[PDB]
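Novice: The following block contains the structure, expressed as structure tokens.
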Amino acid sequence: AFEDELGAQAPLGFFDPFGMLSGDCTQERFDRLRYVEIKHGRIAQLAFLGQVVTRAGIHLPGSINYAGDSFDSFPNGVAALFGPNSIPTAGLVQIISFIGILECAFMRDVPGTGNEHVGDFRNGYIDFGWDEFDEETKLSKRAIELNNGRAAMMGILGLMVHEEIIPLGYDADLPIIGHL
Amino acid sequence: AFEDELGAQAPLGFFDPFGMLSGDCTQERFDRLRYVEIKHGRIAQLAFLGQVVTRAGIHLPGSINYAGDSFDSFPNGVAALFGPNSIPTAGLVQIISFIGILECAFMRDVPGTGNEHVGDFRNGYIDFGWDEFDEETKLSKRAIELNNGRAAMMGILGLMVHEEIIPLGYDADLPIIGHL
Amino acid sequence: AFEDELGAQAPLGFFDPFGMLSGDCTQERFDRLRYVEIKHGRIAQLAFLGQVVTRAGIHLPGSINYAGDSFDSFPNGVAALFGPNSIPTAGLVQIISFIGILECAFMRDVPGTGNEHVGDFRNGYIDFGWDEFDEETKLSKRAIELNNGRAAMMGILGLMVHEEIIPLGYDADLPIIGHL
Ligand code: CLA
Ligand code: CLA
Ligand code: CLA
Ligand SMILES: CC(=O)O[C@H]1CC(C)(C)C(=C=C/C(C)=C/C=C/C(C)=C/C=C/C=C(C)/C=C/C=C(\C)C(=O)C[C@@]23O[C@]2(C)C[C@@H](O)CC3(C)C)[C@](C)(O)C1
Ligand SMILES: CC(=O)O[C@H]1CC(C)(C)C(=C=C/C(C)=C/C=C/C(C)=C/C=C/C=C(C)/C=C/C=C(\C)C(=O)C[C@@]23O[C@]2(C)C[C@@H](O)CC3(C)C)[C@](C)(O)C1
Ligand SMILES: CC(=O)O[C@H]1CC(C)(C)C(=C=C/C(C)=C/C=C/C(C)=C/C=C/C=C(C)/C=C/C=C(\C)C(=O)C[C@@]23O[C@]2(C)C[C@@H](O)CC3(C)C)[C@](C)(O)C1
Ligand code: KC2
Ligand code: KC2
Ligand code: KC2
């Protein structure tokens with residue numbers, strides 16, 4: 001039933017190993033799964049962009065504290081949030097609070113606003129020209145977003161794992177990025 | 001749609017900053033939110049009453065243990081539940097178990113019993129004369145309960161925060177209640 | 001309404017102390033409760049069987065690690081999973097991952113497959129002859145499964161509690177099984 005939905009493309013086609021959509025799956029279940037997948041993909045895309053920017057030597061100009069702790073002095077990766085040399089716990093809690101405010105008020109599907117598909121948070125408020133695209137281009141953009149999100153999920157998991165296995169003696173000369 | 005419901009009164013009117021009810025919000029969502037708000041308000045009202053009674057020097061007569069630990073020897077506030085001089089862990093676990101029994105059996109909206117609104121746990125079992133009040137008086141009582149609950153939420157949050165910031169050097173001469 | 005459902009047997013009859021099905025309880029709520037009860041019963045039956053087999057001196061032949069840690073060297077009970085002499089954390093995490101894979105993909109009620117009642121995971125895939133039984137025998141088998149599951153819930157709780165109270169000085173010469 002969902003073998004022709006978004007995300008079922010070449011070369012794998014419809015790829016449902018664990019069988020979430022097996023049987024007479026309801027549209028609500030697939031909508032929930034696609035919402036979770038798109039949310040994870042967007043978060044992972046942002047996380048991968050952040051690690052790429054930070055690890056390349058690009059840091060915000062200034063100090064993260066009144067104490068003078070410069071932005072470009074903190075480590076990259078999980079060591080920047082959780083560790084002995086991480087950013088202050090106040091900064092992490094404020095970041096989490098901002099993300100929670102976004103979750104509750106901003107990055108949500110408001111019913112009866114004009115949203116067209118799962119993951120559309122536009123809400124008739126912030127539109128950059130979605131209606132300019134025709135249907136085929138719209139589907140292509142949605143598929144690109146979803147697949148880049150899956151790739152970012154895998155990449156961010158790999159980056160965190162590789163950073164975490166370095167103290168254990170598992171230091172890998174990763175391609176392109178190099179040593180973490 | 002919910003701008004004329006209970007709790008939207010002077011001077012703020014309908015106050016929905018985070019936009020929980022924005023858009024075509026369903027009645028189920030508002031009922032869930034109002035249930036959570038009323039439950040929190042009742043819990044916080046009881047918590048503030050407990051704070052006032054305990055901090056005023058009124059303690060239960062006797063001892064909380066067979067070992068002879070008197071009721072009036074334990075501290076007030078968070079130090080009475082979680083701390084080195086708190087009540088015995090068995091007492092806290094029994095309190096939590098009693099509250100869970102209440103949650104699962106007593107303080108619940110039993111369907112098909114005669115409940116009139118969200119937060120009405122009466123269940124046609126314990127009534128002190130609710131039907132004696134007229135509709136306007138009923139609405140006034142419900143609004144009083146809700147607003148006192150919100151005030152108690154903020155007050156209990158303030159009391160816990162002020163108790164917790166005292167060891168950090170943030171001791172404030174609070175009005176009325178004084179030093180915690 | 002649910003006083004004649006499965007699980008209401010002599011001598012207790014319909015036993016609903018906490019009043020979970022009191023009032024106009026929907027079939028969905030009873031179905032959820034029965035699903036949870038059957039799942040817990042099956043898990044507890046497996047846990048009791050495994051703990052009895054392990055405590056009887058029957059262990060898998062070989063070693064659980066490449067390091068040579070034999071199966072019959074680990075303790076019995078909670079000390080085998082969580083403790084200073086437990087199985088390796090890798091083994092526990094892999095067991096949890098296998099159970100999660102089962103939860104997600106295998107031990108589930110796939111809609112539109114032919115399942116006849118709550119707790120039926122057969123899904124028209126693995127059938128040993130369920131249709132051979134008549135209606136009364138089917139009800140008897142389901143009731144036996146449910147009641148043995150409740151008995152196993154109590155038994156596994158008792159086994160874990162008795163194992164945990166031994167270091168505290170509460171060592172009980174339990175009947176049949178003896179000292180844990
Ligand atoms: C998962 C996302 C994520 C997370 C958790 C972090 C976390 C962190 N970043 Mg970071 N970053 C990210 C994405 C992320 N970043 C992206 C995508 C970029 C590229 C622009 C950067 C660029 C960046 C720089 C240049 C620096 C950091 C730094 C830091 C650290 C200090 C916090 C700070 O100043 O943030 C700053 C965050 C930003 C500048 C960009 C955040 C953008 C977010 C993800 C937007 C997402 C919500 C957005 C409002 C949605 C808009 C919707 C639209 C319709 C309006 C902290 C560990 C600093 C550091 O290393 O100090 C220790 C630092 O110097 N980051
Ligand atoms: C959030 C609610 C709450 C919580 C968590 C606590 C927690 C505590 N209180 Mg306390 N207390 C509360 C509310 C609360 N109280 C209220 C509202 C009052 C005013 C009557 C008191 C009066 C009070 C005294 C006088 C003493 C305590 C003490 C204590 C401590 C020991 C436990 C004990 O003996 O409880 C005793 C609890 C009570 C005497 C009253 C509890 C009543 C609860 C809130 C009823 C709520 C559910 C109820 C069944 C609903 C009925 C619905 C109706 C339709 C039937 C413990 C830290 C003792 C202490 O400090 O020793 C260490 C102590 O001496 N409390
Ligand atoms: C709650 C269930 C449960 C749990 C958590 C454990 C946990 C454990 N068992 Mg164990 N065991 C169980 C049930 C369980 N067992 C049952 C039911 C039996 C009887 C066959 C055994 C027999 C057994 C032996 C003989 C040994 C262990 C050992 C161990 C320990 C090492 C892990 C291992 O080798 O597993 C091995 C697990 C098994 C041999 C059987 C597990 C079978 C599971 C329960 C199947 C459940 C799902 C299944 C696929 C459903 C199929 C449905 C069907 C339609 C296809 C570990 C603490 C070993 C030990 O103590 O070394 C430290 C050991 O030597 N167990
Ligand atoms: C004005 C304003 O405020 O906002 C607007 C601005 C604008 C532009 C309109 C908006 C937008 C669009 C945005 C932000 C789009 C972002 C898209 C983004 C960020 C897309 C890539 C993600 C990451 C991927 C694919 C990672 C793959 C990672 C992969 C495939 C790996 O496995 C990788 C790997 O590393 C390992 C682990 C090991 C090494 O071998 C190295 C490599 C690399 C191989 C917003 C959102 O509307 C907000
Ligand atoms: C027979 C039996 O068993 O039961 C029946 C008995 C009976 C009577 C019928 C029943 C009832 C009704 C009850 C229990 C009603 C209770 C109502 C209650 C308990 C109502 C106030 C709450 C707290 C508020 C408003 C706090 C505000 C706190 C505020 C506004 C603050 O911010 C405060 C502040 O402190 C700071 C943090 C700093 C300092 O500057 C000091 C102050 C104070 C300014 C029940 C429930 O049906 C059960
Ligand atoms: C081919 C393949 O791969 O799979 C198939 C194989 C097969 C056979 C078809 C299948 C099956 C059926 C199975 C596995 C059925 C299992 C049934 C099972 C395991 C049934 C008892 C549970 C435990 C009870 C009742 C415990 C009570 C415990 C009680 C009553 C206590 O309180 C006890 C106690 O200890 C205390 C705490 C203290 C002491 O005084 C000692 C005692 C004992 C008194 C499956 C599932 O379809 C999978
Ligand atoms: C996530 C987004 C975000 C938002 C929306 C946001 C809003 C506000 C507002 C509201 C207008 C104020 C008034 C405010 C004030 C301060 N912020 Mg924010 N802040 C955010 C993020 C961070 C991070 C990451 C850090 C940080 C800090 C500080 C410090 C320094 C305190 C000090 O130096 O003792 C002060 C005074 C740093 C800190 O925590 O220092 C321990 C630091 O690391 N903030 N901040
Ligand atoms: C929340 C409500 C509540 C209920 C409904 C409830 C019911 C019962 C019943 C059932 C009829 C019994 C039989 C019972 C028995 C004991 N209770 Mg309760 N008890 C409640 C609350 C507390 C608190 C707060 C404490 C406490 C204690 C004890 C001790 C002392 C043990 C000891 O001194 O070794 C014993 C023997 C104290 C304790 O935990 O001491 C470590 C203590 O702090 N109990 N209790
Ligand atoms: C729950 C079911 C389950 C499944 C489905 C499953 C699948 C696979 C697969 C996939 C085909 C591989 C390739 C694989 C391989 C290894 N397993 Mg499994 N394994 C399961 C259970 C356990 C347990 C309980 C233990 C264990 C272990 C090891 C070790 C030893 C590593 C070492 O000696 O360093 C290796 C190499 C032991 C261990 O973790 O040792 C620290 C141990 O305790 N495994 N295992």
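Just so we're on the same page: first chain in the structure tokens is A, next is B, and so on; residues restart at 1 for each chain, and ligands are numbered from 1 in the order they show up.
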What are the closest atom pairs, with distances in Å to one decimal, for each residue of chain B lying within 9 Å of ligand 2, using only C-alpha atoms and all ligand atoms, rows by chain and rising residue number, as a tab-separated table?

Specialist:
```
residue	atom	partner	partner_atom_place_in_ligand_line	distance
B:42	CA	ligand 2	1 (C)	8.7
B:43	CA	ligand 2	1 (C)	5.5
B:44	CA	ligand 2	1 (C)	6.3
B:45	CA	ligand 2	17 (C)	7.5
B:46	CA	ligand 2	17 (C)	4.2
B:47	CA	ligand 2	1 (C)	3.5
B:48	CA	ligand 2	17 (C)	7.1
B:49	CA	ligand 2	17 (C)	4.5
B:50	CA	ligand 2	12 (C)	3.4
B:51	CA	ligand 2	11 (N)	7.1
B:52	CA	ligand 2	19 (C)	8.0
B:53	CA	ligand 2	22 (C)	5.6
B:54	CA	ligand 2	24 (C)	5.6
B:55	CA	ligand 2	60 (O)	8.6
B:57	CA	ligand 2	25 (C)	8.5
B:58	CA	ligand 2	25 (C)	5.4
B:59	CA	ligand 2	64 (O)	3.2
B:60	CA	ligand 2	64 (O)	3.6
B:61	CA	ligand 2	64 (O)	7.0
B:62	CA	ligand 2	64 (O)	8.6
B:63	CA	ligand 2	61 (O)	8.6
B:64	CA	ligand 2	61 (O)	7.1
B:70	CA	ligand 2	61 (O)	7.7
B:71	CA	ligand 2	61 (O)	4.1
B:72	CA	ligand 2	61 (O)	5.9
B:73	CA	ligand 2	62 (C)	7.1
B:74	CA	ligand 2	62 (C)	5.0
B:75	CA	ligand 2	62 (C)	7.0
B:76	CA	ligand 2	60 (O)	6.5
B:77	CA	ligand 2	57 (C)	7.1
B:78	CA	ligand 2	57 (C)	7.8
B:79	CA	ligand 2	57 (C)	8.4
B:80	CA	ligand 2	57 (C)	5.1
B:81	CA	ligand 2	57 (C)	5.4
B:86	CA	ligand 2	62 (C)	7.6
B:87	CA	ligand 2	62 (C)	5.9
B:91	CA	ligand 2	32 (C)	7.2
B:92	CA	ligand 2	32 (C)	7.7
B:95	CA	ligand 2	32 (C)	7.4
B:96	CA	ligand 2	5 (C)	8.7
B:99	CA	ligand 2	47 (C)	7.7
B:102	CA	ligand 2	49 (C)	7.6
B:106	CA	ligand 2	52 (C)	8.6
B:107	CA	ligand 2	52 (C)	7.8
B:121	CA	ligand 2	54 (C)	8.4
B:122	CA	ligand 2	54 (C)	7.7
B:126	CA	ligand 2	54 (C)	6.4
B:127	CA	ligand 2	54 (C)	8.5
```

Novice: Can you work out which residues from chain B touch chain C at a cut-off of 12 Å (counting only C-alpha atoms) and hand them back as a PyMOL selection string?

Specialist: chain B and resi 100-115+123-125

Novice: Can you spit out the residues from that selection as a JSON list (two decimals), in the first residue's frame, using N, CA and C atoms?

Specialist:
```json
[["chain", "number", "residue", "atom", "x", "y", "z"],
["B", 100, "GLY", "N", 0.49, 6.69, 43.66],
["B", 100, "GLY", "CA", 0.22, 5.88, 42.48],
["B", 100, "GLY", "C", -1.08, 5.11, 42.59],
["B", 101, "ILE", "N", -1.39, 4.60, 43.78],
["B", 101, "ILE", "CA", -2.68, 3.95, 44.00],
["B", 101, "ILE", "C", -3.81, 4.94, 43.76],
["B", 102, "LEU", "N", -3.66, 6.17, 44.26],
["B", 102, "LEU", "CA", -4.65, 7.20, 44.00],
["B", 102, "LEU", "C", -4.79, 7.47, 42.50],
["B", 103, "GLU", "N", -3.66, 7.57, 41.80],
["B", 103, "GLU", "CA", -3.68, 7.84, 40.36],
["B", 103, "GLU", "C", -4.42, 6.75, 39.61],
["B", 104, "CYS", "N", -4.14, 5.49, 39.94],
["B", 104, "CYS", "CA", -4.68, 4.37, 39.20],
["B", 104, "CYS", "C", -6.08, 3.96, 39.63],
["B", 105, "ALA", "N", -6.54, 4.40, 40.80],
["B", 105, "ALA", "CA", -7.83, 3.88, 41.23],
["B", 105, "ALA", "C", -8.83, 4.96, 41.64],
["B", 106, "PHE", "N", -8.37, 6.06, 42.24],
["B", 106, "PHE", "CA", -9.27, 7.01, 42.88],
["B", 106, "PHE", "C", -9.37, 8.33, 42.13],
["B", 107, "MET", "N", -8.25, 9.01, 41.90],
["B", 107, "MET", "CA", -8.28, 10.33, 41.28],
["B", 107, "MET", "C", -8.22, 10.18, 39.76],
["B", 108, "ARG", "N", -9.35, 9.75, 39.20],
["B", 108, "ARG", "CA", -9.46, 9.51, 37.77],
["B", 108, "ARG", "C", -10.89, 9.78, 37.33],
["B", 109, "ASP", "N", -11.04, 10.06, 36.04],
["B", 109, "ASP", "CA", -12.35, 10.31, 35.45],
["B", 109, "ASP", "C", -12.89, 8.99, 34.91],
["B", 110, "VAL", "N", -13.77, 8.36, 35.68],
["B", 110, "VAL", "CA", -14.39, 7.10, 35.26],
["B", 110, "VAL", "C", -15.45, 7.41, 34.22],
["B", 111, "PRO", "N", -15.35, 6.86, 33.01],
["B", 111, "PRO", "CA", -16.34, 7.17, 31.98],
["B", 111, "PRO", "C", -17.72, 6.65, 32.34],
["B", 112, "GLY", "N", -18.74, 7.37, 31.87],
["B", 112, "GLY", "CA", -20.12, 6.98, 32.09],
["B", 112, "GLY", "C", -20.55, 7.00, 33.54],
["B", 113, "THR", "N", -20.08, 7.98, 34.31],
["B", 113, "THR", "CA", -20.46, 8.11, 35.71],
["B", 113, "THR", "C", -21.21, 9.39, 36.03],
["B", 114, "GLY", "N", -21.15, 10.40, 35.17],
["B", 114, "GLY", "CA", -21.88, 11.63, 35.41],
["B", 114, "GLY", "C", -21.00, 12.85, 35.53],
["B", 115, "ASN", "N", -19.71, 12.71, 35.20],
["B", 115, "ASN", "CA", -18.80, 13.84, 35.26],
["B", 115, "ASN", "C", -19.19, 14.89, 34.23],
["B", 123, "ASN", "N", -17.35, 11.46, 39.94],
["B", 123, "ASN", "CA", -17.73, 10.10, 39.57],
["B", 123, "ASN", "C", -19.05, 9.67, 40.22],
["B", 124, "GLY", "N", -19.89, 10.62, 40.61],
["B", 124, "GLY", "CA", -21.14, 10.28, 41.26],
["B", 124, "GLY", "C", -20.98, 9.55, 42.57],
["B", 125, "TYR", "N", -19.84, 9.70, 43.23],
["B", 125, "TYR", "CA", -19.55, 9.01, 44.48],
["B", 125, "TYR", "C", -19.41, 9.95, 45.66]]
```

Novice: Mind pulling up the distance from atom 45 (C, counted along the ligand's line) of ligand 1 to CA of residue 39 (chain A)?

Specialist: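 Interatomic distance here is 13.3 Å.
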
Novice: If you count only C-alpha atoms, which residues fall within 8 Å of residue 162 (chain A), apart from same-chain ones fewer than 4 positions away, as a PDB file with C-alpha atoms, in the first residue's frame?

Specialist:
```pdb
ATOM      1  CA  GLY A 158      29.457   7.575  12.363  1.00  0.00           C
ATOM      2  CA  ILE A 166      39.319   7.323  19.833  1.00  0.00           C
ATOM      3  CA  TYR A 170      40.191   2.815  17.801  1.00  0.00           C
ATOM      4  CA  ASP A 171      41.572   5.787  15.876  1.00  0.00           C
ATOM      5  CA  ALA A 172      40.665   5.594  12.186  1.00  0.00           C
ATOM      6  CA  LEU A 180      38.951  13.270  14.442  1.00  0.00           C
TER       7      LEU A 180
END
```

Novice: Go through A:56, A:90, A:10, A:33 and flag the residue nearest ligand 7, using only C-alpha atoms and all ligand atoms for the distances.

Specialist: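 For ligand 7, the nearest of the candidates is A:90.
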
Novice: Mind checking DSSP for region 38-171 of chain A and telling me the alpha helix (DSSP H) residues as an NGL selection string?

Specialist: :A and (38-55 or 89-101 or 135-165)

Novice: Give me every strand (DSSP E or B) residue in region 1-179 of chain C, going by DSSP on the backbone, as number ranges by chain.

Specialist: C: 9, 13, 63, 70, 174, 178

Novice: With only C-alpha atoms and all ligand atoms as the basis for distance, which of A:38, A:157, A:168, A:67 is at the shortest distance from ligand 4?

Specialist: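 Using only C-alpha atoms and all ligand atoms, the shortest distance to ligand 4 belongs to A:157.
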